[PDB]
Structures are given as structure tokens and as C-alpha cells.
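Single chain ahead, written as C-alpha cells, the form deposited in one PDB entry.
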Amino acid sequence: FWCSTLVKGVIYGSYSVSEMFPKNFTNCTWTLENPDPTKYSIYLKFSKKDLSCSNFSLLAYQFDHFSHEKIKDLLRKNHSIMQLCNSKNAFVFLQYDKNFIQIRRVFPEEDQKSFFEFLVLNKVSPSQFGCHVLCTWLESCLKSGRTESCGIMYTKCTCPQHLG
């Protein structure tokens, strides 16, 4: 009944809040699946520059068993659900290593203003390309500027610049 969109085969992806909810179906949910829950970890960044919640509430839940809406049907599953706007920071950074991540846009310019992006890295031998994507993120984060805390573990790929 609901509308979902799964992105796989994607080392790197970018999408505005609108880029994931076109059918206008209140309660539509976007999905991301890990290429290999053993040798790939998931790191996501969303620019709360725009209050997606302000236009429409937005949460994120992880899940190991394929579910477009049921996994959220009983949202009481409360699998680390994270309101993606209650961010007392300009940038929200989350990391996840389960098998499936889900973003739920539910009704209780800007569409092209907010922005979502995700990256997967070989926790053994990361790619210089993904490595510098991690690089840009870490830099912009330690600022966002309180250069105090941006714990985006990058073991096996410290930045060629400002790192080490």
C-alpha cells in the first residue's frame, strides 16, 4: 500500500529531502541496503540546514530483515529510531553497520535546499575516493564552528590533509 524506494549497488549517493518523496504519499519511506554487512559500513550525513520536520516529520530506523513498511508498522521495534531534525547541531552525522537503514517521511526551493548523502567503506582497505569523501565530511564537521568532536572513525584511512 505504501511507497518505498531501495538504493543498492551504490558506493555513494546524494538526494535532497524531496529527491526521495515524489509520489507525495504521506508515510512514504526510503530504504538503503548495505552491500556486505561484514566488509562495508554505512556513514550518512543530512544537512538540517532545512527543517524537513518543519514541513514534515522525519525519522530513521535500522533493520536486518527486509521490510518496506512493516518494520515501521510496529515502529515500537524502536530500533535506535533517530528523529532527523531534533539536531542541536547544523549537521547531523550518524553511522550504521546493520543490514538495512530506513528513513520514514510521515505526515502526522527547500525541497532542493536540504540534502542527504551516504557512503560505504571497506573497514579494511578503504578507497581513496571514498577516503576523500570521508575527508570532506570530517573537515566540514569538526567545524559546522566547534572543532571539538567529530568521531567519524576512519581507521585505515586518515586524511592526507590535516590528519596524522
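Just count from 1 along the sequence shown to find any residue number. Just so we're on the same page, rigid core means the largest C-alpha set that superposes within 1.5 Å between forms.
Beyond what is shown, the protein has a form deposited in another entry; the following relates to that form.
Checking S54, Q95, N99, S127 for C-alpha shifts of 2 Å or more between the shown form and the other one, after the rigid core is superposed, gives a single hit: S54. Relative to the superposed rigid core, the position of the CA of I152 differs between the shown form and the other one by 2 Å or more.
Put the two forms on the same core and the Cα of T31 is off by less than 2 Å between the shown form and the other one. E69 shows a C-alpha shift of 2 Å or greater between the shown form and the other one [criterion: core-superposed Cα displacement of 2 Å].
Annotation for the pair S52/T31: C-alpha atoms recede from each other in the other form, by 3 Å or more compared with this form. Annotation for the pair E139/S54: C-alpha atoms recede from each other in the other form, by 3 Å or more compared with this form.
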